[PDB]
Amino acid sequence: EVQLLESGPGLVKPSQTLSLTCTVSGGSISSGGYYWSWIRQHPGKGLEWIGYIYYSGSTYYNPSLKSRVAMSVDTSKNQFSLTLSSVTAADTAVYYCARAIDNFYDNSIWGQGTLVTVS
Amino acid sequence: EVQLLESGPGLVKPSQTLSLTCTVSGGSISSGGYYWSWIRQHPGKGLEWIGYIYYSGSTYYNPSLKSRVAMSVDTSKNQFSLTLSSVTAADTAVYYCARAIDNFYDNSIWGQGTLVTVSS
Amino acid sequence: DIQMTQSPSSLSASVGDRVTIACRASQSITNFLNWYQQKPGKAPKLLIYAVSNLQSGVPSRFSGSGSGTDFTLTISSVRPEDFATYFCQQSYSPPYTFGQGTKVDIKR
Amino acid sequence: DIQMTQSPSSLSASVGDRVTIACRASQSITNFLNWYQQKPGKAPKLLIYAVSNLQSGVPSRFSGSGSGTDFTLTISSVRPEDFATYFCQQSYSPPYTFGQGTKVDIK
Amino acid sequence: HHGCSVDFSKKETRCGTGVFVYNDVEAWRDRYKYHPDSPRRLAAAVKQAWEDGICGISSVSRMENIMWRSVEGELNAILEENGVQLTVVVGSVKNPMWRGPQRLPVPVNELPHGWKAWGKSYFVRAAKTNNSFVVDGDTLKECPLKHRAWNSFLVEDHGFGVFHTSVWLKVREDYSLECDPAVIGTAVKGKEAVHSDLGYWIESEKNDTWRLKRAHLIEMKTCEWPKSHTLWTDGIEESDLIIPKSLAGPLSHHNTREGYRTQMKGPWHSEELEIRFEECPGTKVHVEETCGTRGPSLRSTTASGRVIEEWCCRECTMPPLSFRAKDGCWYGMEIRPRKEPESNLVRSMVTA
Amino acid sequence: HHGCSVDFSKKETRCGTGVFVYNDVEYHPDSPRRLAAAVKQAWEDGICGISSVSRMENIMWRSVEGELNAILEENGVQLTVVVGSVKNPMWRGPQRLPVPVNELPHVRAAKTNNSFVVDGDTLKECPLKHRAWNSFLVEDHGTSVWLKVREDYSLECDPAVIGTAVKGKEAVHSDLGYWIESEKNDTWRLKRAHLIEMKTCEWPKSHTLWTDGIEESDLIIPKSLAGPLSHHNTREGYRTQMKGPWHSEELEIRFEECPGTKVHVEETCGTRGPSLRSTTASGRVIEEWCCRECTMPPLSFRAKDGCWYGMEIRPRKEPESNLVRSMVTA
Amino acid sequence: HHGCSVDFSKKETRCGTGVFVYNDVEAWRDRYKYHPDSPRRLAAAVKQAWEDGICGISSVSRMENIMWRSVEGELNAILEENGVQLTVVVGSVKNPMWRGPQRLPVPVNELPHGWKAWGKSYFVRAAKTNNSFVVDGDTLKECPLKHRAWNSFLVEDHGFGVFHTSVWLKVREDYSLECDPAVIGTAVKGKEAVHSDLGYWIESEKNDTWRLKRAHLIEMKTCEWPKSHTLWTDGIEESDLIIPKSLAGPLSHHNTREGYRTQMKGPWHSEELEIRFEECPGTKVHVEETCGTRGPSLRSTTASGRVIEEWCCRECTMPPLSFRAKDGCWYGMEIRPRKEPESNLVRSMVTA
Amino acid sequence: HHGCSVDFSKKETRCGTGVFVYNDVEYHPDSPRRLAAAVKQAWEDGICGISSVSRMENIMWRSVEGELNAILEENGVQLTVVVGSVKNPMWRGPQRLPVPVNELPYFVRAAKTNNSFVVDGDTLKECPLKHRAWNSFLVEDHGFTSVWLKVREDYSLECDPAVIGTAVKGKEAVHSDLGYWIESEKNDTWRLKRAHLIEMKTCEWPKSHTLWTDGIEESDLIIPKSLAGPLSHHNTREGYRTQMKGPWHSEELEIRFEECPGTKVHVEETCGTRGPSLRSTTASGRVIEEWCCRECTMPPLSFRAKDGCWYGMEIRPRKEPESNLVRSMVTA
């Protein structure tokens with residue numbers, strides 16, 4: 001019964017900072033056995049995994065995005081966010097947030113996606 | 001922070017039945033240490049006490065209302081109700097619902113009141 | 001069944017003076033007396049319970065005393081916002097009964 | 001860092017026959033493989049996890065098997081709602097990677 | 001069972017083997033692991049019951065309620081892996097726990113899929129459905145008591161009194177009104193006796209005759225106390241017990257007291273009760289013939305909190321029978337007010 | 001009482017409060033000034049002696065013999081009290097000791113002409129019909145145990161020393177001399193018994209479990225031998241054992257075949273009768289036994305002289321005259 | 001105190017007088033009465049603290065949080081009779097319980113009105129106001145830790161281990177970082193020792209030397225273990241402990257283990273922990289000089305549940321140090337994986 | 001261990017698990033032939049005999065004297081063991097019993113042999129203290145009650161820690177062993193409360209079994225470190241130094257901070273100086289009524305043996321000359 005709904009600007013100018021936010025409904029972002037991820041899908045291409053973050057603080061970031069991403073958890077608004085700097089035309093895709101069960105597999109449930117155009 | 005909201009018909013034809021409902025907000029109508037009452041105030045005259053009811057089922061009714069009143073508790077809607085049959089032009093008044101603390105004299109919180117007119 | 005008598009029925013007073021209202025019961029009620037206040041178009045509100053004990057959020061200028069059959073409510077210094085109707089309630093034995101009320105008029 | 005290779009890239013089938021999709025891993029991943037299904041315009045949803053374990057609310061005609069570097073996803077009896085893109089994902093070691101995807105056309 | 005006990009009153013240390021009866025009251029708010037038959041077997045039983053017209057469950061005791069609370073998540077996770085459009089919802093108990101006319105059936109196939117071994121670490125939680133299988137909530141409108149199952153389980157192995165032990169239950173094949181005897185303990189030694197279970201602690205003492213001394217109840221069950229676990233069950237009439245038979249009262253001469261009959265109309269709506277033979281504060285009871293007859297139990301304080309002073313009984317014996325609850329004292333059916341009319345007092349609206 | 005207990009089978013320990021019944025199977029009279037008066041007053045009306053209810057009373061009489069004799073000497077009484085051993089079963093006498101309305105105002109003595117005989121093989125001196133039986137009562141149990149001459153006439157065993165408990169699937173009825181266990185199979189049934197005495201008082205119903213709807217012909221331990229009137233004192237296929245080896249000094253009832261014997265359920269076998277020993281007088285073990293409609297395993301007694309079988313189990317081919325037989329009925 | 005003890009493994013008993021130290025861990029989820037000073041004095045202290053800029057309270061243990069939950073309603077009913085526009089809001093605790101720099105003032109006049117004797121039977125509940133005095137919770141944004149009071153109470157008398165007994169507390173006049181010694185029990189007997197309080201149970205044993213054996217922590221405090229309740233406090237290094245001094249670890253030779261230094265970066269974010277010297281399932285540790293250096297503690301399974309098999313360390317002693325939590329194992333700071341890169345694992349982000 | 005305890009002050013009872021230290025204040029050696037071999041080897045190289053650490057060792061030697069003599073007789077060794085009684089304090093000897101590399105190969109008691117191996121007794125003139133063995137045994141397993149002793153290999157001055165029990169709970173603490181029971185309490189500070197000693201040994205209390213061992217000075221411990229006093233702040237009291245000249249000759253002592261009957265103590269600046277402990281009564285039984293000290297705190301320190309009351313090193317009689325009082329002749 002967990003619903004995820006992410007938002008953000010629809011278009012970003014190059015070399016600025018892309019900010020995205022996913023709001024969680026039907027559950028808490030402070031619960032125990034979960035972690036939260038981001039995935040993007042380039043047009044006419046496959047899926048790309050960006051990283052995860054635990055509520056306790058442990059994170060992982062894809063080495064392909066060299067020191068350009070960051071994730072944080074906002075308990076007051078029950079949400080977590082993503083921040084990508086130095087955007088480029090190669091950063092145009094649809095962005096999904098996801099919640100996975102911890103210690104099990106990458107067994108996840110995904111959001112509906114938002115398209116971000118860099119021009 | 002409990003609020004009591006009573007409602008009902010604005011006008012009642014004589015010899016029909018009067019029905020009222022009080023809706024409880026900010027609390028629950030199944031808490032142990034309370035009981036619920038109805039009070040009416042005749043226009044220009046003084047206040048008059050009707051009776052009380054517990055969630056368990058124990059009730060008291062004023063002998064002045066000769067076997068004409070009935071009270072019930074509805075947990076699903078979180079409300080309790082009043083039923084007064086065989087009305088007359090002498091039942092015109094404002095009606096208040098109240099919540100009292102058990103064994104604390106009559107420390108109670110009253111509702112806003114509703115006006116009922118018996119005419120045609 | 002227990003008749004409650006309130007006197008005087010009405011009174012006028014100036015801002016600063018004292019108002020005193022007496023309630024008398026037809027039988028001995030030990031300390032089961034309450035006092036109420038009603039402004040026009042609003043539900044009655046409980047000011048004092050158990051003869052003296054005052055409700056929270058009620059100014060200290062209100063006070064009550066008595067026992068047995070005679071009781072008193074005094075306003076030591078009348079304020080403008082004290083224009084209302086005052087009732088006395090007994091809860092010694094059901095049915096609970098009220099007095100006929102005392103209207104306190106602020107006199108300029 | 002672990003590349004996932006999917007073959008065939010696309011295929012067409014008739015309503016009722018069988019369909020086979022093969023995913024290949026660049027190194028031994030024991031049983032940490034997932035299968036995803038994406039309808040057009042919708043986010044991917046997990047169909048099978050840990051190679052064979054099916055999710056709740058999934059038709060029983062779907063199946064999966066394999067170990068090591070080779071895995072297979074089979075549709076025993078195709079139905080018109082099975083028009084989608086299928087991906088294989090590994091969770092053996094981060095970062096998690098996906099295959100390029102396989103499209104199924106109803107014929 | 002090897003055990004040592006000490007009596008700190010004077011000095012009495014003793015060791016040996018034998019049968020030990022402990023005070024296990026309130027053994028539901030402790031940490032235990034609950035194992036009904038099997039996740040697949042229990043899911044199959046619930047599915048068959050739902051298809052056969054059983055809407056929900058009325059629990060016998062608090063322990064069954066806690067067991068359902070424990071197994072709810074896994075029971076819902078399975079039974080959607082099998083495609084069944086059903087959801088189990090557990091509520092809170094209300095006293096007394098009324099008897100139900102149905103039972104859970106024993107299935108012969110057991111649902112497929114799912115998994116074994118109650119206590120799976122990781123699984124996907126199930127989404128809510130339209131069909132609800134309710135367990136003891138404020139839900140008598142969406143299905144009545146006449147369509148509920150009751151007293152369907154049997155305890156097979158338990159370690160109550162030691163934390164973090166497992167309890168093993170089983171769906172029973174038969175139809176019975178008896179309480180589960182696996183958690184019942186009765187003992188008599190000299191001039192004192194106990195009848196106990198997980199919610200009842202009942203004491204009797206040897207006076208000139210054997211009589212009830214005091215009782216501590218944390219729940220109001222409606223099962224029947226088995227006679228294999230009862231002392232002196234012969235030549236006893238149901239009209240002269242104290243705790244009614246329909247409220248799981250033992251059928252024993254130890255459940256009696258001179259001058260009192262069965263308390264059918266006590267304050268059985270309370271969450272927790274103590275039964276004592278002692279006057280409540282500010283009250284005195286006098287024996288006299290001109291007093292009234294029996295009736296519903298009455299509270300010693302009015303709604304406004306005034307204590308009634310003087311009471312009467314026709315043929316009772318001192319000290320008077322009283323009930324202690326969270327809202328105050330109650331008197332037995334034999335004790336009536338001497339001067340105050342009975343219409344001005346709070347009474348009990350529950351009949352056993 | 002607070003205490004702790006362990007279950008060595010599954011290694012669990014717990015503590016708390018409750019009622020504990022201990023396996024005790026495996027003393028100080030009323031007053032020196034009133035007991036002598038009671039004995040004297042009993043004597044002038046012809047009460048020759050005392051038959052003990054249990055072993056405890058015999059030990060109590062043994063431990064206060066000389067002191068009572070000296071007290072009787074002080075009041076100038078020509079009387080002595082002699083205490084011997086007991087034999088089983090402990091039969092009951094019809095008399096009781098009296099309660100003296102008044103006390104007796106005032107180095108062992110020499111044996112006088114008058115003898116007052118507590119338990120012993122002295123039935124020639126004065127028969128059982130002139131002996132006092134079951135005349136004491138324990139006031140406070142626990143060690144110095146305090147007794148007192150009973151004022152009323154009763155046939156029941158003293159309830160001050162009885163302990164009965166059931167927990168789950170196990171139950172026990174016990175006192176100072178009895179330890180009777182029972183178990184929950186498909187039904188509740190007698191499981192094992194241990195008896196270090198054979199008394200003839202009545203087990204009180206207040207200390208008995210499940211005492212309703214009982215036929216007295218079904219109790220394994222007879223009612224006349226202080227057997228509880230309970231469903232826990234029964235076992236399918238067996239009736240009351242009136243003619244068991246009750247002459248023994250210490251018995252143990254267990255449902256088990258004795259070593260080197262076999263019991264078969266047949267119809268060509270014989271009918272009920274007195275209990276028979278499992279070995280002949282020479283010591284030869286009889287091999288094959290039969291019974292009509294028993295339930296297995298069979299009922300057997302085990303005294304210090306060997307096994308005995310239930311009344312229903314009879315030898316197959318050996319004639320019953322070649323066997324040692326019980327000569328006691330209850 | 002007079003007591004009797006028994007050990008069933010050897011079948012021995014022993015009775016007499018002395019000093020008895022019991023395992024009283026998690027003695028906060030039981031039923032106790034709490035009396036924090038007087039209803040009026042505590043209201044005056046809270047009011048003065050609010051006037052002095054102290055926003056709220058950071059708890060020392062679970063016991064203080066339970067006490068605040070117990071007294072919140074009465075503390076709000078009073079302080080409304082006095083016209084104070086303040087509401088106490090109590091939430092849940094998070095680990096570790098960080099230290100606060102303020103203290104509650106001791107009032108000198110006490111609030112007027114109000115009443116005495118914590119535990120009034122009947123009173124009117126107070127209305128919620130706009131100014132909130134927050135006891136712990138998810139409220140660091142509305143007032144930071146720098147404006148919170150911490151460790152302001154001292155226990156005078158208690159009956160812990162006996163239910164439905166009273167606990168008496170007072171607002172201390174002094175300033176200290178020390179834990180409350182009224183609930184601390186330490187004992188040594190032969191070759192075994194214990195350091196315990198309401199939330200810690202730390203055991204040591206006599207091997208070739210004295211060493212830590214196992215620890216059970218249901219909370220992570222930041223007070224300091226008093227030296228009056230510590231065994232063998234002389235000639236010790238604060239960097240050779242196991243449980244850090246800033247996590248209420250005793251400054252004792254009984255808090256040491258050969259080859260291990262203080263675990264500054266362990267998994268101190270857990271709800272409860274067990275410190276054990278034993279390998280986790282499916283893992284093996286080897287002592288090699290070519291392994292990595294100390295760092296944050298690492299979980300033995302990855303985020304997807306894969307168990308890492310081979311671990312190394314430089315100068316350990318076996319068995320290795322490990323922490324048992326709800327989500328699985330963590331290893332000590334000295335133990336690093338052999339082949340797996342350290343960036344691919346779940347690590348600890350908390351420093352004491 | 002599981003158990004239950006009561007507090008009779010407030011009538012509260014509870015059970016559970018934990019560690020319990022009991023008041024015990026108020027055997028079976030290593031091997032039948034290996035001990036004899038050790039004794040023979042020790043006698044060969046010039047060890048006269050044994051000085052006992054505690055009362056336990058003396059009772060152990062009494063319990064196995066005859067059997068040891070019989071074993072030494074069976075193997076044809078002209079040596080006997082003579083066991084006497086102990087006197088306080090138990091001074092320490094420099095020698096230690098050796099661990100024999102090899103072992104020697106019953107109711108009949110050997111006759112008087114010319115050579116005597118004397119255990120603790122009144123035999124000082126026969127051979128001095130510098131040729132005796134002291135503190136040579138250890139406890140293998142304390143617990144049945146059979147106590148299994150063993151001849152140690154190394155040299156140490158520490159008391160045997162297998163029989164020590166120390167505990168603190170709230171405001172009450174105890175340091176104890178088979179002969180010592182030392183209580184302390186939480187006043188405004190931690191201080192010594194009461195001590196009961198049925199012996200005075202001269203080993204050293206191990207620090208692993210001591211509370212609060214840091215930042216102390218040995219001049220402040222009431223019980224001297226030479227008499228196995230814990231090096232703890234719990235072994236201190238405000239206004240007193242170490243009692244090196246107390247009545248340590250008594251068979252059983254009780255240290256107590258209380259006036260003993262018939263006397264009174266006043267704090268004065270003109271009072272005498274620190275010196276040996278003096279008994280409350282004279283040799284004739286006369287009670288001295290007035291006492292003084294410089295800077296004590298009340299109530300005063302007093303020792304209580306069976307021959308009367310004594311005061312601490314600081315309290316002196318106010319007017320009676322000290323030559324007419326019974327005094328302690330023992331120093332630690």
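So that the names make sense, note that chain A is the first sequence line, chain B the second, and so on, each numbered from 1. Only this structure's heavy atoms are used, side chains among them; waters, hydrogens and symmetry mates stay out.
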Salt bridge check: are H/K193 and H/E185 linked by an N-O gap of less than 4.0 Å?
-> no
Should we count CG of H/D307 as having more than 12 external heavy atoms under 6.0 Å?
-> yes
Give the intermediate values and the outcome of side chain to side chain contact (heavy atoms under 4.5 Å, CB included) for residues H/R304 and H/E258.
-> CA-CA 10 Å; H/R304 287 169 199 256; H/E258 166 176 1; 3.7 Å; yes
Beyond-backbone contact of G/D7 with H/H1, side-chain heavy atoms, under 4.5 angstrom = yes
With distance as the sole test, does H/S63 use its side chain to make a donor-acceptor pair with the main-chain N or O of H/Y27 at under 3.5 Å?
-> yes
Take G/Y260 and G/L212 through the test side chain to side chain contact (heavy atoms under 4.5 Å, CB included) and record every step on the way to the result.
-> CA-CA 11 Å; G/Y260 295 94; G/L212 184 71; over 6 Å; no
Calculate, to the nearest 0.5 Å, the distance between atoms CE and CD belonging to H/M60 and H/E65 respectively.
-> 12.5 Å
Dump the intermediate steps for side chain to side chain contact (heavy atoms under 4.5 Å, CB included) on H/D24 and H/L178, then the final yes or no.
-> CA-CA 6 Å; H/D24 54 325; H/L178 292 172; 3.3 Å; yes
Please check if atom CZ in H/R274 has more than 12 non-hydrogen atoms from other residues, nucleotides or ligands closer than 6.0 Å.
-> yes
H/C4-F/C4 sulfur separation below 2.5 Å?
-> no
Walk me through it: do G/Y200 and G/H195 pass the test ring pair (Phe, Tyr, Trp, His ring centres under 6.0 Å)?
-> CA-CA 8 Å; G/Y200 284 11; G/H195 285 82; over 10 Å; no
Test log, rule side chain to side chain contact (heavy atoms under 4.5 Å, CB included), inputs H/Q95 and H/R132 | CA-CA 6 Å; H/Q95 311 294 317; H/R132 295 222 189 185; 5.9 Å; no
